[PDB]
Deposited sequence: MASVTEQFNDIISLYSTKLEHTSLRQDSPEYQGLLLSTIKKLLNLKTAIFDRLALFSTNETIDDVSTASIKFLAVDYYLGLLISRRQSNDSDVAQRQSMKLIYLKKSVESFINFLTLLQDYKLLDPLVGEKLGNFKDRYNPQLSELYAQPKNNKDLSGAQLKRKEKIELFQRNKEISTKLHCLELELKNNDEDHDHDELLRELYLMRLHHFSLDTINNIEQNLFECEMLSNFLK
């Protein structure tokens, strides 16, 4: 519906202008209220595009390429949800559900790019390391030091992080020069997905760590 592109564009704008960063309290009903309706809209859009219109990357028309990011944006929005339930257990437990759902969306997104043979092999190696795609482990994303003496383990982790970081910076700069230069459109859209897939690894790490940390306090 309406068009799908305009709808997507409005969603992304709400995200960038009001939901990515806020000056309001994140537990505020004004913030969560807009966040929730945004998500509801994006979920409706996914159904419209993927289910009802039912849309190789050669096969995708230029303006449709944007939509491969719907799960990315669901990832980003969902990780930001918070409950205001008076019940403290319920509100904390809900947070874990949000982080779980955010990560699932993020994984949907990578899996989709992989299905289109678009996935940076750096990102794909990480995606592949999940023994259970639906139960992904922070221990599968990077090598982790065995203990607090494991210098090699820690140096290996730093090596893998630095490689993520450099690659992310590289694609960010390529995306940046493309946006500013704005035939190029198609390249921009593809580069944008590229930057998203790298960003995703950071979000998946942060959410898995954050989830594990907040979970211990409920145990």
{"item": "Ranges of the deposited sequence (numbered from 1) for which no C-alpha atom is modelled", "value": "56-60, 188-197"}
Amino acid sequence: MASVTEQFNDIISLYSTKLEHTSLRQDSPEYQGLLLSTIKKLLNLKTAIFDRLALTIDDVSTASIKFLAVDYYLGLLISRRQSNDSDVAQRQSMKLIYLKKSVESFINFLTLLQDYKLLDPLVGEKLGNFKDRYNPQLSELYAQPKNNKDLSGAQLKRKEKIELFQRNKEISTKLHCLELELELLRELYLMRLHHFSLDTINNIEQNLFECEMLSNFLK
From here on, numbers count along this sequence of modelled residues.
item: Which of 32-40 and 46-54 has higher mean CA B factor, as the PDB entry lists it; value: 46-54
item: Selected stretch [higher average CA B-factor]: 129-137 or 98-106; value: 129-137
item: Entry-reported Cα temperature factor of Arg186, expressed as the chain third it lands in; value: lowest
item: Among modelled residues of the same chain, the CA temperature factor third for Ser3; value: highest
item: Ranked C-alpha temperature factor of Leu175 among modelled chain residues, by third; value: middle
item: Third of the chain's Cα B-factor distribution that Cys211 belongs to, per the entry; value: middle
item: Within-chain third of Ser93 by Cα B-factor, per the entry; value: lowest
